[PDB]
Amino acid sequence: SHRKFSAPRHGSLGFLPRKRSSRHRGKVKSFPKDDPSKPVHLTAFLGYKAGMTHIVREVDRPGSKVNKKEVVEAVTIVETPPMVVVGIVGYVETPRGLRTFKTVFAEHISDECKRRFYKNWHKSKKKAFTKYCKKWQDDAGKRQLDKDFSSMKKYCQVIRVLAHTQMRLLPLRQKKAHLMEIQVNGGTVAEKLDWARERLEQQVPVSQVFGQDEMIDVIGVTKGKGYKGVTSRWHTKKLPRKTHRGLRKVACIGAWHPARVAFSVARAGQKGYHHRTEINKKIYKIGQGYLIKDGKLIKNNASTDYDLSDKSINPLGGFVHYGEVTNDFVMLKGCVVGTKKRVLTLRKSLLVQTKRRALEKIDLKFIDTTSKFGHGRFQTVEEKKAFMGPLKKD
Amino acid sequence: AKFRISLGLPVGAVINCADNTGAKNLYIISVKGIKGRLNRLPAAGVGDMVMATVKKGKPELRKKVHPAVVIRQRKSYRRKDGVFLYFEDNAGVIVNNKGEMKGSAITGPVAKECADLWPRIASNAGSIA
RNA sequence: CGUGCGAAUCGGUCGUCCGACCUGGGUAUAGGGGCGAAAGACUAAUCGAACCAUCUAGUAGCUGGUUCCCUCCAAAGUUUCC
RNA sequence: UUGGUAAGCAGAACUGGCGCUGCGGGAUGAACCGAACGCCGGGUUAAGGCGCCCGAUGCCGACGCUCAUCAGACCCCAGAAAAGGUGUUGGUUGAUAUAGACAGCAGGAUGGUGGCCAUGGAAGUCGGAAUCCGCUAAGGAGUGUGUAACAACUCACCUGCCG
RNA sequence: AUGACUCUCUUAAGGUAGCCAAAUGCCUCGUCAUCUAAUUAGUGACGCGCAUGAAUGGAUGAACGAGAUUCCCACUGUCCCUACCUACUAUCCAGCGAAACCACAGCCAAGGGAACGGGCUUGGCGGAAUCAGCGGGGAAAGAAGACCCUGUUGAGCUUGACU
RNA sequence: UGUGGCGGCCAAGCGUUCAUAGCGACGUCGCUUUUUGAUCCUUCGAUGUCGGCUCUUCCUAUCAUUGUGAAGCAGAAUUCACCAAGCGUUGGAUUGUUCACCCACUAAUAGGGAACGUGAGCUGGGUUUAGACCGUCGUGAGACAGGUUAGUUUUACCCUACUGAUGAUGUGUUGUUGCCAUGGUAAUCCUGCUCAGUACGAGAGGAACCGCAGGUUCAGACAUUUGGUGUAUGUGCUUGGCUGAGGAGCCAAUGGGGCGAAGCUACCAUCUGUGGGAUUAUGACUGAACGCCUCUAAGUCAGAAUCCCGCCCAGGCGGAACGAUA
């Protein structure tokens, strides 16, 4: 006998192995598909979640009732010190998949990157890549090496690069810089590898991977939340107040006979810290860091064209629970996964993007700095003194 | 076309009236346009078009269902522009099925989402929002 | 609480509270018997007939059980009268 | 073989089982098919089998039938018909043909007559029983479509090409 | 339509005051009126009353009620739709440390079978040892079914059963 | 499997005519087990026995939507059939309901199974113990598918199952980056403008695509802004007591009360939700069988909420390529 009236159901039945993710950095499960027509470029990159604030813009979309009017849309701030290549890595095509073929490293690998090979840097003689480099300046290691760069040049078809972050430049406690494979999509593998080598030990900035007003996809790990109940985890109906042993439950587990209990049904357990891949997050501006010149330091990030004050995206008292943002940044409309301080893999889209809500070019008119630690009313410290006069300290 | 709102007038509320019919109370029996879900109480807000019983007025009108419209609200609703906006009361008029008023004028303001939407109230209006 | 603190408790909310009120001591009523503002209530954790010993190992066309091996033969549920 | 629509239902005649009984076979199991047993060596068998699971066709085994966008594969046994087919395949009866059939592609398809009884009309065409000849190579007192009556257009039956 | 009136069979008389779809009316969610947007509900009349009716008591009524029932103003997490906080446990550690229950045990399909198998048959399959939860399954535990039937087994009640 | 439920064959006639658009008298072949019956095979040293609360899966005999054929289809609509069970199928009054009937909204408010799904999940409102009152029966103890009032819902710490958390196995020890076998699976429906007061229609009425702009229903996140919490016991007030008294505060199982950072958090705040292949109905190109035709017999085309791979989630008693190696 049957269900008297119908509903729909509680939760998504693809996402269901609701376990605490095996990895702490978002894995890219799938990069795009290349076409030898277009020139070389990296695909992915690395940032850190540092904040959230307002904007204000004057909108064009002909048709709707918000045309040439001024909305406010919200944003996140992702901080992006430019990344440093240290190697290449070749993959081959097969009938059991994609076997990894040969790996090489640069002569000079930093100590934030010699920090990525250890569980303990305190006791260890830091001996990784000590015998390896050696090869890069003897006349019997220019040939063996370029035997092999001439072996990828034949056999391999997929080519990738490898880049360590820069945690000498972030305001965090830690010092262990993230190694991350990245696909290089473009010309025939000959060209693809003429470009790579040439970049070992160089810096690659965010101007080069991404551009303004783009549609990127955002990969990471969730804000975690503890072994939580069935009412918080799955979003069921509470029970009515008279129930003998509790009312934040499912009251019927299963029927009598197919006498098991099915993975379909909702249960207690761990809430959050899953892995997750949201899409189609826009880019409203790519920021510039604190460049010094001619004595003075220049720090106008937030300076829009429509108010030209001296301020950077940084708010009064700093961003909360994080730091100050000096290094060049990207400004995402909408919210993104993870806590503050947590590391956020980027990516292009797979899907070739033409609608109208894609091709919408953006320029802004306001960017928020009023302290988030409280309930702010002042845009910049100097403006305060001017409103308030001198205090009993002066 | 109509943007959405943050809504608070579900079934069996009593909003007061803002026309000169001989109607104080309006009582919402259901909302027009709504489809469903198990256990959800169907609700209207500003600009929506309710179905309504009058509860104390000119005996003429009491006992029967007329279509009403909502005009001011007590729930807070965010316009695109940035602001949260809210009123003193819950205020609405008695309408025939096609969208035209029953009273001559309105005792108060109107909300401009509900002075935008309708083609037959904004010219009765006291002061739009 | 419900393998409890309790073989009927404890908590918040409750009914009466100068009158057929509410309690200590001494005393009369004893089992087809007592007592009952009357529910078959109460009569030492027992009540539409209390408890202790005997007659007693009371009787059962009905349940349950019924202890070492090999050798040989091997049935009946149908007929009258209760 | 009696009651009951029927029941893995109630009830009786003859013989043989099961209960008390294991053994080959029917994947599976009281009753169905083979055979009834002290402990074992050779031999041949019953009923059933012979791709692998699994002993045995790993035969130059015979002649036919059948395609399924829900095929078929064994006594009791465990899935079902009235009604239909221009799939293909055997069979039975009787007509159309070198005197020129069967396609197809062309030319005719009449008057007395609008045949009489009914009905507001029955020109052949709801309807009723009756249902003829002058002409011929051939044209029926009529095969259908169409109208208030028709008109107007087919087909019964014959002709040229074709073999 | 309606029946003031008239007869006719019957018993010890044959229901007189009042009072109803009730704490009492089968048909029944009786039907006119009242309260709701909508009412097997509540209340105001109508009596045909299966089986209303006068100390076996009838009809009424101020006060009263931890008694049964309906609707309006107040107020609310009872609901739309759930959030967060605090106290004590639960959790982890040292010291002390019991119970119920237990053929043997413990992953599924379908098949037969005392007709709803964890063990049999055919398939799917099977990778030490364990911490927190849950309440599908063990036709879970708990008590020689309290219902029904039998027994030539009893008791408590009652009269025209027998003594 | 009689009664119930559902469906076929034959065709007198209904249909202005015309048996078959849409129906189906006399008759007759069946299917189902969401109706009650039949019977008693299993359970009496016990399978907890009415209906609502909550949750999942299946069927389909298709109520919506997708894809098409027929109408007695001019357009709007309405009716019969096909593939199709992808995705939904709601809020209220009287009643204990299973059933019934009315209000309103709607793309639509199709039907069923799962021990008549579901009491160591709840509720006990009904039935079906012991108190009490009537209305029929009996001289009576007593009796009522005649009605009423009040009447205690026990256990989990063992196995499994399901959800999560440590670990096990191999390549010499250990660490870095990765591939993907097999499992899991996601998005859905609807207005407005425009076409257009156009096609069609002698009137009344009244369509469609491509292109815009929003919306529901479901899913996955998030806290800049509104909203909720508040024992930072953070700082204003304030009542009763208490240290002789002012300044400094304490007890009243958080004293009350006012505004409140951080963190948690809500369609009560904002953010995102998607690409290709083979083919079902069906409609078709060449073309036989069968001198003519013919979607079919051999050959060739288009084709869809279905199906399957991917996008996404988890990663095997499955590998790989790289550095240090006491």
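Numbering of residues starts from 1 on every chain and follows the written order of that chain's sequence, so it may differ from the entry's own numbering; residues lacking coordinates are omitted. Chains and ligands are labelled sequentially in the order written, the chains with letters from A and the ligands with numbers from 1. What appears here is a fragment of a larger assembly, so each number quoted concerns just the fragment shown. Side-chain measures here rest on the full set of heavy atoms in the structure, leaving out hydrogens and waters.

- Deposited coordinates in this entry are attributed by the record to cryo-EM, at a stated resolution of 3.2 Å.

1. Quick word on the overall build of chain A
Part 1: A tally of regular secondary structure across chain A gives six helices and 17 strands.
Part 2: Projected onto the principal axes, the alpha-carbon positions of chain A cover approximately 85 × 75 × 55 Å.
Part 3: Once local pairs closer than 6 in sequence are excluded, the contacts in chain A between residues at least 24 apart make up 76%.
Part 4: Surface accessibility follows the Shrake-Rupley procedure with a 1.4 Å probe radius. Residue values consider only the protein chains on display as shielding. Within the structure as shown, chain A displays about 24,900 Å² of accessible surface, and the carbon and sulfur contribution to it stands at 53%.
Part 5: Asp and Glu count as negative and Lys and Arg as positive, but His and the ends of the chain are not part of the count. We put the charge of a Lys on NZ, of an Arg on CZ, of an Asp on CG and of a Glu on CD. Counting 84 positive and 36 negative side-chain charges, chain A places the averaged centre of each group 16 Å from the other. To qualify as a helix, a DSSP run of H or I must reach at least 4 residues; to qualify as a strand, a run of E must reach at least 2; elements of each kind are numbered from the N terminus. Contacts between residues were defined by any pair of non-hydrogen atoms, one from each residue, lying within 4.5 Å.

2. Describing the pattern of salt bridges
Residues and elements named next belong to chain B.
Part 1: In the sections that follow, a salt bridge refers to a side-chain nitrogen of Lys or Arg positioned within 4 Å of a carboxyl oxygen of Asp or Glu. Overall, the coordinates contain 18 salt bridges over all chains when judged by the stated rule.
Part 2: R120 is paired through a salt bridge with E100; the nearest N and O atoms lie 3.0 Å apart. Residue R120 is located in the segment after α1 (112-116), and its partner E100 is located in the loop between β7 (91-94) and α1; the two are separated by 20 residues in the primary sequence.
Part 3: Between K112 and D116 there is a salt bridge, and its shortest N-O distance comes to 2.8 Å. On the criterion of helical spacing, the pair formed by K112 and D116 is a turn pair, its members being four residues apart in helix α1.
Part 4: Judged by its relative accessible area of 33%, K112 is partly exposed.
Part 5: The exposure class assigned to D116 is partly exposed, which follows from its relative accessible area of 37%. Per-residue accessibility, obtained with a 1.4 Å probe over protein chains only, is compared with the maximum for each type, and a residue is labelled buried under 20%, exposed over 50%, and partly exposed between these values.

3. Observations regarding the interface of chain B and chain A
Part 1: Contact with chain B, which involves 10 residues of that partner, is made by 12 residues of chain A.
Part 2: Both sides of the chain B and chain A interface together cover about 760 Å² of buried area, and 58% of this is carbon and sulfur.
Part 3: Note on definitions: buried area is the accessible-area loss of two parts on being combined, 1.4 Å probe, summed for both. If you sort the residues of chain B by the area they bury against chain A, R37, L38 and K80 of chain B come out on top, with a joint share of 47%.
Part 4: Scanning the region where chain B abuts chain A turns up one salt bridge.
Part 5: The salt bridge involving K65 of chain A is made with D116 of chain B; its shortest N-O contact spans 3.8 Å.
Part 6: A 3.5 Å cut-off defines polar contacts: any pair of N or O atoms within that distance qualifies, except that in protein one atom must be a possible hydrogen donor and the other a possible acceptor, and neighbouring residues in sequence count only when both atoms are side-chain atoms. Run the count over chain B and chain A and you get zero residue pairs in polar contact.

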